[PDB]
Amino acid sequence: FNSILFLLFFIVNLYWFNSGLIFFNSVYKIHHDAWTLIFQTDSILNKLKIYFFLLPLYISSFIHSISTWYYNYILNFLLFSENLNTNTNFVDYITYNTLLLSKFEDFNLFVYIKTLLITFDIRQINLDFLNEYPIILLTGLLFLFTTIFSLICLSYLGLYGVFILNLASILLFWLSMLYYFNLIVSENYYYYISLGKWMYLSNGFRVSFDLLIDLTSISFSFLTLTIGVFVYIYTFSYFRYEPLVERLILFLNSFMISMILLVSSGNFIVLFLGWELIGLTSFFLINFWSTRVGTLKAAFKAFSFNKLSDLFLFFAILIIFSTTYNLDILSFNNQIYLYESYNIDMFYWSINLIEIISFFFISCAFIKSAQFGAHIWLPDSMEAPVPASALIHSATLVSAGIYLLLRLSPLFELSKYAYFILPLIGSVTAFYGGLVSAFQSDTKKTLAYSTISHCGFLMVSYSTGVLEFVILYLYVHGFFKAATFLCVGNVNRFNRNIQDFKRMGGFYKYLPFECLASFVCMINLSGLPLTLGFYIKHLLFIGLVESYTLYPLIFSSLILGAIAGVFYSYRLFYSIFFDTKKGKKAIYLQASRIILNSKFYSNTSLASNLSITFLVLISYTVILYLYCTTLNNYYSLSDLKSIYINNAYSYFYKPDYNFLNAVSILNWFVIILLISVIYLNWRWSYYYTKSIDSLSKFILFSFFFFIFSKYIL
Amino acid sequence: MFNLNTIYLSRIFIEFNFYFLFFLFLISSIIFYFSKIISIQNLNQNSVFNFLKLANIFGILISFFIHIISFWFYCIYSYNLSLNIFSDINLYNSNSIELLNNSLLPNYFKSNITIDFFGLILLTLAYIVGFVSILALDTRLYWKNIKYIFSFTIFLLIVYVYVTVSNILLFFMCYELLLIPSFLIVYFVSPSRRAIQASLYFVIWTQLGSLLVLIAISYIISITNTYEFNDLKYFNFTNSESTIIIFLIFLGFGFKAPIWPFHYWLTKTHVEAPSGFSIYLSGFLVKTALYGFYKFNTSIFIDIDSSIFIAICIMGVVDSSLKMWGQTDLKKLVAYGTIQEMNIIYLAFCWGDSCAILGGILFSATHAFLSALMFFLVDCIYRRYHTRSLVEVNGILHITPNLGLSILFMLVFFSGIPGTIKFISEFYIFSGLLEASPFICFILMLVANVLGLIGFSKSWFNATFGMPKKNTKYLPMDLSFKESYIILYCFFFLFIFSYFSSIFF
Amino acid sequence: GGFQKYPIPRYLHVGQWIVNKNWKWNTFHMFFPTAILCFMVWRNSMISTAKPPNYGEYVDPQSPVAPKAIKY
Amino acid sequence: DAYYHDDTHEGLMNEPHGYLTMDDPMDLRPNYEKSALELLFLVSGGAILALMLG
Amino acid sequence: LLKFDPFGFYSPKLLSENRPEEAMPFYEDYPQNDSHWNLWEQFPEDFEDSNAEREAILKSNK
Amino acid sequence: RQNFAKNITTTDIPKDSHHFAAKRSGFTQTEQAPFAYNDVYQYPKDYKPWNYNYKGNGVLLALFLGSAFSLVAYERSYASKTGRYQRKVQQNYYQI
Amino acid sequence: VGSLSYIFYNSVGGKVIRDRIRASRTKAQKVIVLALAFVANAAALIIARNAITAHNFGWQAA
Ligand SMILES: CCCCCCCCCCCCCCCCCC(=O)OC[C@H](COP(=O)([O-])OCC(O)COP(=O)([O-])OC[C@@H](COC(=O)CCCCCCCCCCCCCCCCC)OC(=O)CCCCCCCCCCCCCCCCC)OC(=O)CCCCCCCCCCCCCCCCC
Ligand SMILES: CCCCCCCCCCCCCCCCCC(=O)OC[C@H](COP(=O)([O-])OCC(O)COP(=O)([O-])OC[C@@H](COC(=O)CCCCCCCCCCCCCCCCC)OC(=O)CCCCCCCCCCCCCCCCC)OC(=O)CCCCCCCCCCCCCCCCC
Ligand SMILES: CCCCCCCCCCCCCCCCCC(=O)OC[C@H](COP(=O)([O-])OCC[N+](C)(C)C)OC(=O)CCCCCCCCCCCCCCCCC
Ligand SMILES: CCCCCCCCCCCCCCCCCC(=O)OC[C@H](COP(=O)([O-])OCC[N+](C)(C)C)OC(=O)CCCCCCCCCCCCCCCCC
Ligand SMILES: CCCCCCCCCCCCCCCCCC(=O)OC[C@H](COP(=O)([O-])OCC[N+](C)(C)C)OC(=O)CCCCCCCCCCCCCCCCC
Ligand SMILES: CCCCCCCCCCCCCCCCCC(=O)OC[C@H](COP(=O)([O-])OCC[N+](C)(C)C)OC(=O)CCCCCCCCCCCCCCCCC
Ligand SMILES: CCCCCCCCCCCCCCCC(=O)OC[C@H](COP(=O)(O)O)OC(=O)CCCCCCCCCCCCCCC
């Protein structure tokens, strides 16, 4: 009973068995059918020699025969089926199968072991295999199951356990998404995956659970996931020292996965599922402060609007199913043109089928994008914690309508109602949100109304009909809105949950990183000259159509909304950071104590600063990649699957003098507004006269500098 | 590859499960009657009440397992019977296979058993809902009402004969037998004092419809002397007779399956009845009426416009949905939800034997399970918090997290999320109604799924959320294992029944 | 920054300020099995995945893979 | 932060605690409701696996 | 709520559920779970339960 | 109310008799009499009230055996449907 | 048989009581307690599956 002796005997037996296998294989090759003539020779000496020298083969065959006999008995017992092929007795069967050695003819122990070892070898995996089969599904399922199981098992996973588990899952998901983003956007790669036959929806119909990873899906998915990764990293610092941080983290993960499922939906049933899931998870995030009933009122407002949108979407899907006996998104997109000519007989009116379907879709899209009239819930949804607010308002909850329009664009291209309604409502919402945000005094409310304005601009861009411009606008707005939301969240946490900047002043020194990060993020968000966010508005005005009947109102509202960005950006930044100290004495004194002076001193989190920095860097890189893909001379974007060409790119490639000078009007309007917000004095100061003098110096120097640059050189 | 062995196994299982239940009930009753001079509980650990509870529970459960097996056998049998009829096209060949009865047990009431998918769905609902309700009524049965431990076994036997009979008179008698046990339960087991009047309202309101159905049955039997339920193919009712029969049948069965304006009794009984018996009532006892209406109206040929009946059903749905908001009582709110779902189900049966019946059956199953879930949640709230009123109950989630989570997931399921038989049934009904009358479909969907849904969600969310600062010495602990697993099983069924074979749906 | 910590009843199974000593092993035994489950789901679903042709490939209209209309 | 307290020293950091359900861990009653529901779940799952799956 | 602990894991629980007070009978506290789905008392297999006291007294009496 | 017997014979109740001690000397003329039973419940160490504390493999084995039986039963059913004693595995399988 | 065996074996008391009883349970007694209910239920389900599965058809060929 020695382990060393057992191992040595096992190794010796392995070598003997391998040698016997090789010998039998060679002899079998030589004597395919005549091997028995020598193996089973009647000679006693030869029989004994063969048995002794092939004992490992014989014992292995005996064990295999016993195992096969027992397995066949078990199968017969369980299935009440047949016999062991034949009714051979136990003795006859075992003797025959043990004497038979042909089972080893193609078997080599070393080769088999090597195959088993190399089966798990990871060197083999290649990009080509990944390109053939998408690993995005494997990582998304990982993230989903991690979130679900973490929700269920909270006691097992403490604060740190939940954070680390979900961080690993989300990082893997984001890296895979990043890998496939390059292929889908430019290389014309898209996948249609099916998990199975989900449900039966008619007498003989059964819809499968399918996902569509296309350019339209990936544009939203990658943006949401990239924003969510850094929001997740930031939340652990924002909700620092809170009773319930795991709950908030898991709610954020749930909302992210719900939005990902919605955007990457293969059929209307999955789309509706994702729609309801984002609604429910947004409700939970808004109602996070469950103890308070004041929060429940805002949550219930959002819930009612979401249920109305669900009604509209469900009715539209029912109309589509009744018309075409199909719920597949691709099939519907490629079939809708045939049924365009059809009408539906309703109560007393014959409504055009496309018009009614597009009416319901646009209604639900407006409700979820917080357009004018249906936006009443968005200002009240700010009761959620800042990470949840950023995620919902950047690219997750308020872009659902934009995703719907982009995915079902072939439908709306043949919609008279869409043509009339999208530009008017978009421009009105843009103007309303911009002006209200400019006049707003609270940080979260300002960001919410700015989000409403940018959603209006997105609607107007879709009305223009350049899906590339819409996608660029969506990406820019989402990234920079999220970054600004994180910055204001740090500011609010420092200011002790007081979100109004009337009590904020001189925070530049107390939050140095937030000041500069907010400066960059706001100049990019509010379309300002010489910034990454100027081109989105420039392209929107390039593509704006002029055949509308309400074009005067549409254009005036668009101009006012576009200019409104400057006021809110300036007010937010200046009032928060560089205005006179208006906050309570405690806020400043508690942090100005000399004892706190240390290398570790900070009023924010190092992880939060790093998360914001990485978010800004990645947003810049991705926006540049999209700009190169679309706005470059060589068009390298993937197919959008739309046959409607707007001609808008003509005024981007070869603009005429008329349009070039027309854009200057808005440019100079913005310039005058900047001069007003900078040099305008509302309060007496020691620097009133010197401020007027500086304005005079700037005007005269600008004139002379222009003279020298243009003429004197 | 289908063989006669499967046919006979199906028939034998169906026939013998009934006798299994009957013998269990007979033995339990004999023990109960002959063990004590007076049939009341002896307040000690050695009472026969424990044995009777054990026998009832694990007779229902084992019969439910056998019913699963027999239902699967029936599905295979019906599918292969349809294949046998449909496949062969040669004129000389015809499927005429005759089966000989067993010599072990007799045919109850000298009737040959006939089973249908709707009947077996109804029987499965009976089993499951009866199991839940019996599990609920343990705290109610005490020392003088222990005789009502057999009420659900009696219900199971009645429903078994109801769904496994091809005789019109036996069908009607089984339908009418359900009144006595239910009335006795409400009268003797209900804690509240208003249950005494609620029971009388229930009896009178249901008996008016029972009399209407009795008049219809008398019209059918007196005119057609047949009772086989299939000889009606060779007899045609005139227009006047047919319209009278359909009106009587619809009104009579709508008295039981609540329709506007005949739901006053339902609201009263649900509010004032035992929390464990409300589950059984709403889940099952209102669907025997739907099954009977389906059978009678599909057997009779009707040449009348069903617009009036559709309008009645839609008015009931609208009325219940609009009233949902104004209820601070959770039990009454769930009762209004039951009225809404039952009216939708009844509307699903207004086009004769069209494909609407499939959606109606699926919606009946999902409503049974959903109503059981909702009434069980209300029962848990009332039993641990000694009140079922929104003003007195607030912040359930923060003291009983599992109960609050159950409420939230119940609301999500009630909303009709995809992946649930609730969503599937809504899809069936609305897809049909869109082509039948699109504007009516829009109005029905709008009302039910927005206004009624918001009214329903307001009270439940207000109860779940908030801050329970009142009576801190009397706050409960949490759900028990029994309650938690009942809730989990309801969720599991609502989710997984969507994978049932689509052949019958 | 955060709210002041207050006592939580022992009998109540709530998540207020819950930290687990064995969170490392808990995460280890909750991550890898989930990864294996997702791998199984992924390999099951890949059988029913569709991808368009590659850069240098064209679909022959008469090949079986090409779409076929219903023949009455 | 300035005056953060470690978990090992913070007296109000909670380790996992609480009773999962209302059932008494040490109960002398031969109660069978939990066993009945577990049996129902298991038999339903087994029926699905052995009669319906595939 | 902090004191509340019906089970004995955190706050020790007497086998005698409560401490009787003078001028009151000794009654068991109402359990948190009051389910009546209880079997008859279970005993070990082949449990010895012969009336040994009566047998011994009868043997002594003769 | 509950009528079951507390003193079961299937096993001995875990208990600790040292937490509470009964006074037996030094009484006064105004002090109440001590208590006779002072045993408290003692839980097994490493018992976690927040989970099931289930350490058996019976459920896992039952589920795995059910799944394996379902797999083999489906294999046999497919062979019967194809009219063969066993599955005829093809040389190549494509997506579908 | 399976239902009753499962109920009576797993309905002895609380978690602690059941665990201690099973720990004191002998090896063979533990084996039967674990295996009886599963074997009975599984045999019933297998007998049910056998009828629907018509394997004993003589046309198996090719
Ligand atoms: C407190 C509850 C309150 C409830 C009431 C309130 C309800 C409403 C509110 C809800 C929210 C509040 C409650 C939640 C918090 C609870 C807190 C708590 O109690 O913590 C302790 C609790 C238990 O853990 P523990 O106390 O530490 O230890 C328990 C024992 O040690 C474990 O012992 P063991 O290791 O021996 O495990 C025993 C067994 C567990 O035994 C059982 O649970 C018996 C189940 C019998 C069948 C019943 C139907 C099952 C339907 C599917 C769902 C499976 C159960 C998972 C839970 C539901 C989903 C989340 O484990 C398994 O073997 C799992 C496999 C189960 C598969 C059975 C499938 C049957 C057929 C189904 C239909 C056909 C499917 C075809 C699929 C085809 C291929 C895709 O915390 C958890 O562990 C949570 C687990 C959550 C589920 C995930 C893990 C299982 C995954 C199974 C496979 C599916 C995943 C993907 C597979 C992909 C490949 C196929
Ligand atoms: C959006 C809504 C979301 C809602 C959900 C949110 C998330 C909720 C999360 C929290 C709740 C769920 C997750 C946690 C559940 C609890 C898990 C747990 O561990 O609890 C511990 C829990 C409590 O532990 P305990 O107090 O110790 O109780 C132990 C049990 O009484 C019994 O334990 P045991 O150790 O005594 O094991 C007993 C076992 C005994 O196990 C065995 O016997 C297996 C080993 C022997 C194999 C046979 C060998 C024969 C030859 C002898 C060989 C030598 C001996 C070998 C054995 C040696 C000993 C090991 O017997 C059985 O299981 C009988 C089943 C038989 C029928 C089914 C299986 C067979 C199918 C057919 C097979 C055909 C082929 C085979 C043929 C065989 C020949 C005829 O115990 C269990 O896990 C019991 C299972 C049921 C637990 C509850 C399950 C609830 C599931 C809820 C699902 C809800 C789904 C909602 C979906 C919604 C979607 C929208
Ligand atoms: C008539 C010519 C055709 C054009 C028609 C339109 C005329 C111009 C209309 C401009 C409306 C701007 C509204 C901004 C509201 C900002 C509100 C806010 O945030 O608080 C005040 C913030 C300051 O916020 P604050 O926080 O620093 O202090 C606020 C102090 N209280 C509250 C006391 C007022 O910004 C301003 O004060 C600047 C706005 C006032 C000055 C407006 C000058 C307009 C110059 C127009 C130039 C036109 C150029 C020619 C071409 C135009 C057409 C292409
Ligand atoms: C002409 C013929 C007439 C036949 C009449 C039938 C007479 C029925 C008499 C019932 C007596 C019940 C008490 C028996 C003594 C129990 C002793 C005990 O508890 O020790 C534990 C012992 C053994 O326990 P165990 O620990 O070995 O657990 C395993 C249990 N078995 C053996 C069943 C697998 O006895 C029992 O557990 C038996 C329980 C009996 C009660 C069952 C209740 C469920 C419903 C069935 C009741 C009977 C109705 C008929 C069958 C159903 C319909 C087909
Ligand atoms: C809703 C009321 C409150 C709730 C209680 C419910 C009470 C009413 C229940 C429904 C009764 C049937 C009403 C619809 C009848 C439709 C057919 C019809 O009459 O059209 C003329 C019919 C149909 O005619 P037709 O024009 O279609 O075709 C035949 C034409 N001729 C004959 C000329 C060839 O004509 C008749 O033959 C007259 C029949 C009149 C029958 C009226 C009495 C019915 C008595 C039995 C039921 C009594 C129930 C009482 C319950 C207790 C009340 C308190
Ligand atoms: C086979 C494939 C995989 C199978 C897995 C099936 C999973 C089915 C769904 C499981 C849901 C589990 C929910 C657990 C909730 C636990 C309690 C909790 O979180 O705290 C409650 C919190 C606080 O709980 P607490 O802290 O008081 O108590 C926690 C401990 N207990 C409950 C045990 C006492 O209360 C609330 O405010 C309610 C919040 C509910 C939030 C629910 C969000 C769910 C989001 C899921 C997103 C999934 C996306 C899917 C995308 C694909 C769709 C096709
Ligand atoms: C560019 C992506 C960047 C992000 C990647 C994140 C990680 C993704 C997960 C790893 C890849 C999995 C898909 C493999 C595809 C494939 O089969 O690729 C094919 C190769 C073999 O090549 P061939 O099939 O072409 O011959 O597969 C293998 O070699 C299998 C070996 C295992 C691979 C990893 C399995 C991960 C799942 C969990 C394992 C848990 C182990 C036990 C823990 C206790």
# chains A, B, ... in the order shown; residues from 1 in each chain; ligands from 1

$ residues_around --residues "stretch 20-22 of chain C" --least-positions-apart "4" --cutoff "10 Å" --atoms "only C-alpha atoms" --output "MDAnalysis selection string"
(chainID A and resid 154:161) or (chainID C and resid 26:27) or (chainID D and resid 14:16)

$ interface_residues --of "chain G" --to "chain F" --cutoff "9 Å" --atoms "only C-alpha atoms" --output "list in words"
residues 12, 15, 16, 17, 19, 20, 21, 24, 34, 35, 38, 42, 46, 49, 53, 54, 55, 56, 57, 59, 60, 61 and 62 of chain G

$ atom_distance --atom1 "atom CA of residue A:703" --atom2 "atom CA of residue A:673"
18.5 Å

$ interface_residues --of "chain C" --to "chain A" --cutoff "8 Å" --atoms "only C-alpha atoms" --output "JSON, numbers by chain"
{"C": [1, 2, 3, 5, 15, 16, 17, 18, 19, 20, 21, 22, 23, 24, 26, 27, 30, 31, 34, 35, 38, 39, 41, 42, 44, 45, 46, 48, 49, 50, 51, 52]}

$ residues_around --residues "residue D:38" --least-positions-apart "4" --cutoff "12 Å" --atoms "only C-alpha atoms" --output "list in words"
residues 61, 481, 482, 483, 484, 485, 486, 488 and 489 of chain B; 32, 33, 34, 42, 43, 44 and 45 of chain D; 59 of chain F; 3, 6, 7, 10 and 11 of chain G

$ write_last_selection --atoms "C-alpha atoms" --output "PDB file, in the first residue's frame"
ATOM      1  CA  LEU B  61     -50.995  16.024  -4.756  1.00  0.00           C
ATOM      2  CA  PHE B 481     -41.136  28.552   3.336  1.00  0.00           C
ATOM      3  CA  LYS B 482     -44.675  27.491   2.419  1.00  0.00           C
ATOM      4  CA  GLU B 483     -45.660  30.967   1.234  1.00  0.00           C
ATOM      5  CA  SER B 484     -42.345  31.571  -0.533  1.00  0.00           C
ATOM      6  CA  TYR B 485     -42.516  28.304  -2.486  1.00  0.00           C
ATOM      7  CA  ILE B 486     -46.173  28.879  -3.402  1.00  0.00           C
ATOM      8  CA  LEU B 488     -42.254  30.752  -6.647  1.00  0.00           C
ATOM      9  CA  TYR B 489     -44.401  27.978  -8.119  1.00  0.00           C
TER      10      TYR B 489
ATOM     11  CA  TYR D  32     -44.638  18.904   6.154  1.00  0.00           C
ATOM     12  CA  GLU D  33     -45.801  21.954   4.187  1.00  0.00           C
ATOM     13  CA  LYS D  34     -42.249  22.717   3.028  1.00  0.00           C
ATOM     14  CA  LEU D  42     -39.362  18.300  -7.937  1.00  0.00           C
ATOM     15  CA  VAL D  43     -42.098  16.160  -9.488  1.00  0.00           C
ATOM     16  CA  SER D  44     -43.075  18.936 -11.893  1.00  0.00           C
ATOM     17  CA  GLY D  45     -39.452  19.331 -12.947  1.00  0.00           C
TER      18      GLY D  45
ATOM     19  CA  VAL F  59     -31.024  16.977  -5.189  1.00  0.00           C
TER      20      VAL F  59
ATOM     21  CA  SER G   3     -44.289  10.966  -1.870  1.00  0.00           C
ATOM     22  CA  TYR G   6     -40.090  11.878   1.162  1.00  0.00           C
ATOM     23  CA  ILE G   7     -42.630  13.591   3.424  1.00  0.00           C
ATOM     24  CA  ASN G  10     -37.953  15.294   5.507  1.00  0.00           C
ATOM     25  CA  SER G  11     -40.763  16.367   7.878  1.00  0.00           C
TER      26      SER G  11
END

$ decode --residues "stretch 2-61 of chain G" --atoms "C-alpha atoms" --output "PDB file, in the first residue's frame"
ATOM      1  CA  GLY G   2     -42.160   8.043  -3.008  1.00  0.00           C
ATOM      2  CA  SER G   3     -44.289  10.966  -1.870  1.00  0.00           C
ATOM      3  CA  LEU G   4     -44.999   9.498   1.566  1.00  0.00           C
ATOM      4  CA  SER G   5     -41.388   8.434   2.111  1.00  0.00           C
ATOM      5  CA  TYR G   6     -40.090  11.878   1.162  1.00  0.00           C
ATOM      6  CA  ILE G   7     -42.630  13.591   3.424  1.00  0.00           C
ATOM      7  CA  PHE G   8     -41.976  11.398   6.457  1.00  0.00           C
ATOM      8  CA  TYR G   9     -38.188  11.519   6.076  1.00  0.00           C
ATOM      9  CA  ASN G  10     -37.953  15.294   5.507  1.00  0.00           C
ATOM     10  CA  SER G  11     -40.763  16.367   7.878  1.00  0.00           C
ATOM     11  CA  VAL G  12     -39.145  15.743  11.249  1.00  0.00           C
ATOM     12  CA  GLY G  13     -38.601  19.338  12.396  1.00  0.00           C
ATOM     13  CA  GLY G  14     -36.504  22.401  11.742  1.00  0.00           C
ATOM     14  CA  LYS G  15     -33.293  22.471   9.751  1.00  0.00           C
ATOM     15  CA  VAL G  16     -31.062  21.947  12.787  1.00  0.00           C
ATOM     16  CA  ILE G  17     -33.189  19.077  14.107  1.00  0.00           C
ATOM     17  CA  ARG G  18     -33.334  17.357  10.715  1.00  0.00           C
ATOM     18  CA  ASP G  19     -29.589  17.735  10.176  1.00  0.00           C
ATOM     19  CA  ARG G  20     -28.776  16.280  13.603  1.00  0.00           C
ATOM     20  CA  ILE G  21     -31.186  13.370  13.117  1.00  0.00           C
ATOM     21  CA  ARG G  22     -29.680  12.565   9.721  1.00  0.00           C
ATOM     22  CA  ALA G  23     -26.166  12.836  11.164  1.00  0.00           C
ATOM     23  CA  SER G  24     -27.036  10.311  13.882  1.00  0.00           C
ATOM     24  CA  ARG G  25     -28.703   8.220  11.168  1.00  0.00           C
ATOM     25  CA  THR G  26     -26.838   5.050  10.232  1.00  0.00           C
ATOM     26  CA  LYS G  27     -25.186   4.613   6.841  1.00  0.00           C
ATOM     27  CA  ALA G  28     -27.781   2.243   5.390  1.00  0.00           C
ATOM     28  CA  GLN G  29     -30.628   4.305   6.860  1.00  0.00           C
ATOM     29  CA  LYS G  30     -29.219   7.451   5.241  1.00  0.00           C
ATOM     30  CA  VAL G  31     -28.880   5.636   1.909  1.00  0.00           C
ATOM     31  CA  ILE G  32     -32.506   4.467   1.955  1.00  0.00           C
ATOM     32  CA  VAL G  33     -33.784   7.869   3.078  1.00  0.00           C
ATOM     33  CA  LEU G  34     -31.994   9.505   0.150  1.00  0.00           C
ATOM     34  CA  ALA G  35     -32.738   6.856  -2.477  1.00  0.00           C
ATOM     35  CA  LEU G  36     -36.251   5.554  -1.794  1.00  0.00           C
ATOM     36  CA  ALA G  37     -38.221   8.637  -2.832  1.00  0.00           C
ATOM     37  CA  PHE G  38     -36.062   9.340  -5.887  1.00  0.00           C
ATOM     38  CA  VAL G  39     -36.194   5.737  -7.084  1.00  0.00           C
ATOM     39  CA  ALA G  40     -39.969   5.505  -6.673  1.00  0.00           C
ATOM     40  CA  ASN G  41     -40.671   8.809  -8.430  1.00  0.00           C
ATOM     41  CA  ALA G  42     -38.155   8.065 -11.183  1.00  0.00           C
ATOM     42  CA  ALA G  43     -39.578   4.593 -11.812  1.00  0.00           C
ATOM     43  CA  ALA G  44     -43.077   6.066 -12.081  1.00  0.00           C
ATOM     44  CA  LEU G  45     -41.895   8.707 -14.557  1.00  0.00           C
ATOM     45  CA  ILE G  46     -39.979   6.121 -16.594  1.00  0.00           C
ATOM     46  CA  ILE G  47     -43.028   3.854 -16.798  1.00  0.00           C
ATOM     47  CA  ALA G  48     -45.027   6.872 -17.961  1.00  0.00           C
ATOM     48  CA  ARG G  49     -42.423   7.715 -20.614  1.00  0.00           C
ATOM     49  CA  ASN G  50     -42.290   4.123 -21.866  1.00  0.00           C
ATOM     50  CA  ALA G  51     -45.883   4.179 -23.115  1.00  0.00           C
ATOM     51  CA  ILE G  52     -45.571   7.357 -25.181  1.00  0.00           C
ATOM     52  CA  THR G  53     -42.191   6.215 -26.550  1.00  0.00           C
ATOM     53  CA  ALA G  54     -42.981   3.465 -29.066  1.00  0.00           C
ATOM     54  CA  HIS G  55     -39.516   1.973 -29.406  1.00  0.00           C
ATOM     55  CA  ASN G  56     -40.749  -1.616 -29.895  1.00  0.00           C
ATOM     56  CA  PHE G  57     -41.661  -1.138 -33.551  1.00  0.00           C
ATOM     57  CA  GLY G  58     -40.467  -3.805 -35.956  1.00  0.00           C
ATOM     58  CA  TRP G  59     -39.647  -1.416 -38.810  1.00  0.00           C
ATOM     59  CA  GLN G  60     -36.301  -0.354 -37.308  1.00  0.00           C
ATOM     60  CA  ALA G  61     -33.922  -0.937 -40.226  1.00  0.00           C
TER      61      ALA G  61
END
